[PDB]
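Chains as they are written, first to last, in PDB author numbering: chain A, 7 to 295; chain C, 7 to 295.
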């Protein structure tokens with residue numbers, strides 16, 4: 007109690023946010039375009055705001071989670087005068103550029119605005135797996151740190167004052183997640199041709215995912231120094247193995263699109279004269295517009 | 007000791023394999039097309055064979071690890087009669103088909119053949135992080151399991167009698183490594199634009215890579231069931247986030263090829279009517295030639 011919060015936007019991630027605040031004993035007011043998306047929470051103790059104004063007026067902490075920043079502007083523009091003395095935390099997925107622009111607007115209507123990024127599925131909220139990054143005024147963050155930590159004590163992390171940093175980190179970590187899921191999906195498509203079940207491949211795949219973190223830590227400084235030694239394998243070795251994965255995919259009858267794509271990037275790596283460097287030299291390829 | 011082993015092919019992974027046998031006290035004989043690449047091993051207590059013939063005779067367990075299955079045929083075929091009373095272990099990277107064609111050739115010459123797959127960089131061998139998959143006659147694996155353990159006791163696994171299973175599992179795991187690494191490189195390029203040094207982003211990435219295994223575990227049964235519910239995020243939400251990552255990359259002057267490629271697969275999913283399914287539905291896109 008004594009710390010009301012309003013969640014504007016009741017999607018899957020929004021609902022999880024309102025639930026976390028409710029369970030944590032915070033007076034939680036919710037609002038969503040489709041009112042039906044707020045019934046469960048209201049029946050569980052949440053206060054249903056009839057309008058965006060009702061939600062904004064219910065608490066000093068206003069949490070935003072909608073589809074796009076376009077929906078963010080549409081909801082925040084008509085109340086630029088109603089945000090006096092409040093703090094706005096926006097968990098909506100967007101680009102760093104969109105984050106800074108909404109900050110500019112916020113800075114103009116004299117209101118505290120925090121840009122937040124939720125890293126992972128809604129089920130991770132209010133669990134040990136929850137990771138939430140914040141960017142903006144460090145003061146406002148600390149004012150509500152107790153309230154914010156209801157969504158994940160250990161995972162809460164204040165980034166800095168640059169409002170776009172949260173979105174940037176959000177985008178960078180998302181590429182990692184899709185890279186893992188797609189890699190796993192490509193591997194599961196293969197072993198399925200041998201009547202191997204995805205569940206059977208899941209533990210082995212996860213063992214390898216966890217271990218590769220070691221290589222991740224190894225290539226990190228090489229990306230910083232600009233020197234890419236080939237202590238584990240040369241780009242040519244990678245290129246060859248990528249060709250085997252491509253060829254194996256076409257043979258077994260599954261998509262070889264991703265293998266071809268990976269081998270294409272290795273082509274340019276060796277094309278740039280990095281055939282005898284470690285995979286870290288791939289950073290140059292990803293820096294090319 | 008008491009278990010002499012021969013290692014044919016002394017590149018990076020062959021040198022590490024031999025170095026493990028030597029470190030475990032095995033009388034280790036090495037051979038490489040280029041002799042100089044074995045001088046380091048001889049000064050450390052390894053015996054250099056002048057020819058493949060000497061190496062084959064030197065030990066009852068012959069471990070191969072060369073540039074490709076093309077060289078395995080080049081070196082094995084001339085020794086069809088000299089392979090009696092011996093066990094050949096081929097750690098070369100190749101397709102499931104190649105591992106079978108090689109496995110069938112061995113049956114003709116009445117030699118014991120085990121198709122081995124080494125998961126991870128060379129330096130993981132002889133540590134708790136080494137993953138080594140074996141395919142073939144169980145009796146052969148059981149009879150030389152102690153010798154093979156020198157490269158990794160916790161990773162030494164027997165897959166079954168299908169010799170290509172190793173190459174398959176190998177191939178499947180290769181995709182996961184490039185996905186994680188490429189995803190990490192993509193994010194490193196993004197955060198690099200904001201002067202975020204890679205070693206500062208590595209630990210965070212490693213936290214997500216570790217976490218995402220939970221999502222891998224969740225999708226595994228949906229893949230085997232053919233039902234892809236959207237409890238975390240629908241294909242639509244995945245789609246919108248990929249576009250943002252794509253716009254973000256282009257805005258920051260880096261490569262949007264991987265993001266735009268990730269979105270293409272997602273669009274194909276929505277094109278097949280999976281806009282309301284979870285990401286496990288993309289398995290159908292990887293099953294498409």
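Just so it is clear, CB atoms sit at the ideal spot from N, CA and C, and this is done for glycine as well.
Taken through DSSP and simplified to helix, strand or coil, residue 124/A comes out as strand. Under the DSSP assignment, residue 14/C falls in the beta strand (DSSP E) whose first and last residues are 11-14. When C-beta distances to chain A are compared with 9 Å, the residues of the segment 250-265 of chain C below that value are 250, 251, 253, 254, 255, 256, 257, 258, 259, 260, 261, 262, 263, 264 and 265, in chain order.
Between residue 277/A and chain C, the shortest Cβ-Cβ separation is not below 8 Å.
Between the alpha carbons of residue 275/A and residue 247/A lies a gap of roughly 15 Å. With 16 or more other Cβ atoms inside 10 Å of its own Cβ, residue 65/A counts as buried. Contact with chain A is found for residue 127/C, since one of that chain's Cβ atoms lies less than 8 Å from the residue's Cβ. Only 191, 192, 193, 194, 195, 196, 197, 198, 199, 200, 202, 203, 204, 205 and 206 from the segment 191-206 of chain A bring a Cβ to less than 9 Å from some Cβ of chain C. Here residue 164/A has 140, 144 and 147 as same chain residues with Cβ atoms under 7 Å from its own Cβ, once five neighbours each way along the sequence are excluded.
8 Å or more divides the Cβ of residue 268/C from the Cβ of residue 191/A. DSSP places residue 49/C in the uninterrupted alpha helix (DSSP H) bounded by 45-49. Contact fails between the segment 36-47 of chain C and the segment 95-108 of chain C, because fewer than three Cβ pairs, one in each stretch, are under 8 Å apart. As the crow flies, the alpha-carbon of residue 29/A is around 18 Å from that of residue 127/A.
The alpha helix (DSSP H) runs of length 4 or more contained entirely in the segment 34-83 of chain A are, from start to end of the chain, 45-49, 58-64 and 75-82.
Close partners of residue 135/A in chain C (Cβ separation under 8 Å): 217 and 220. By the criterion of a C-beta distance shorter than 6 Å, residue 170/C is surrounded in its chain by 102, 105 and 106, once the five residues flanking it on both sides are discounted. Exclusion of the five residues before and after residue 204/A leaves 194 as the residues of its chain whose Cβ lies within less than 6 Å of its Cβ. When the alpha-carbon of residue 55/A is set against those of 36/A, 73/A and 69/A, the nearest one is in 36/A.
Between the alpha carbons of residue 294/C and residue 202/A lies a distance of about 18 Å.
Taken in chain order, the members of the segment 168-186 of chain C whose beta-carbon sits within less than 9 Å of a beta-carbon on chain A are 168, 170, 171, 173, 174, 175, 176, 177, 178, 179, 180, 181, 182, 183, 184, 185 and 186. Proximity of residue 291/A to chain C, defined by a Cβ-Cβ separation below 8 Å, is satisfied. Residue 243/A counts as buried, since at least 16 other C-beta atoms from the protein chains shown sit within 10 angstroms of its C-beta. For residue 162/A, the enclosing beta strand (DSSP E) has its first and last residue at 162-166.
Closest in alpha carbon position to residue 241/C, among 209/C, 232/C and 282/C, is 282/C. Distance from the CA of residue 125/A to the CA of residue 189/C, rounded to the nearest whole angstrom, comes to 15 Å.
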